[PDB]
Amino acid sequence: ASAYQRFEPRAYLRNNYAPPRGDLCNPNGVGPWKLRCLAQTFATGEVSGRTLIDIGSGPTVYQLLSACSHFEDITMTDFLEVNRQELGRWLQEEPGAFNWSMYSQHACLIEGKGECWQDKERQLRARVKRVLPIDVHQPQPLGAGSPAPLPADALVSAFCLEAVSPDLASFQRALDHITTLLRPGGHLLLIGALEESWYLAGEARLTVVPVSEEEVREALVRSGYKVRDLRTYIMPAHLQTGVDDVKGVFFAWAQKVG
């Protein structure tokens, strides 16, 4: 909470969504891997509905590129005002917005529906109805009278939980807190850092709870999820850059037992 007060959105984006990690040309990169996971999951047609909430969006939109064409009402969220402002600069196409075109383009490449990236970015901007404050540590993450339609048909969260919890236990409770926003039989698409303990965002150094695949699986189960899919990406040497000590990245497709 206090450590995140020095969090620099532009530095975070630069560290993880600009070359080399942000160079989507090589199919073995972490970016193409994450977009592939999201695309294939939605391509199954099993994850559908009207509303969807993205937990701890930070200043990024890539995690919703394949999702947007499946839900008409999308809520983006984040603990920091600076992030929500950054998200606004892109949704409004204001000056200085981050350029996600490489991710939009590759998402279109992977979905293989012959869509142009401008049409995809346009659908996302159109379907994002609101960017709200959020605290996964509160039993009621989005407050009491939130504008977001609850319960959501689906949830998506990337690099949030493990990046905001001191240990596994806090991680477990955080998952429980956001799981309350999801309707029974709903879907959760969780992406996160494997065995990572810190990552930089400008002047801020954030602590991370190093989690493993089994620990992530057991936690989803303990929260009442049937794990539909759970994949791991080992961070290659070329993408280890000193902005963190991440070892891998996991993707989980879990359905709320209900």
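Think of the rigid core as the biggest set of C-alphas that the two forms share within 1.5 Å after superposition. Residue numbers run from 1 along the displayed sequence.
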Larger mean CA deviation from the shown form in 9 other deposited structures of this protein [core fit; 58-66 vs 202-210]
202-210
Superpose by the rigid core and compare 87-95 with 103-111; which one moves more, by C-alpha RMS, in 9 other deposited structures of this protein?
87-95
Entry B factor averaged over C-alpha atoms, 217-225 against 191-199: higher for 217-225
Identify the stretch, either 139-147 or 171-179, whose C-alpha atoms have the larger mean B-factor according to the entry.
139-147
Of the residues 61, 38, 47, 211, the one carrying the largest Cα B-factor as recorded:
47
Quick check on the deposited entry: does the C-alpha B-factor of residue 157 sit in the lowest, middle or highest third of its chain?
lowest
Going by the recorded CA B-factors, say which third of the chain residue 77 sits in, lowest, middle or highest.
middle
Test of reading the entry: by CA B factor among the chain's modelled residues, which third contains residue 51?
highest
Cα B factor band for residue 254 (lowest, middle or highest third within the chain):
middle
Residue 92 CA temperature factor, ranked by third within the chain:
highest
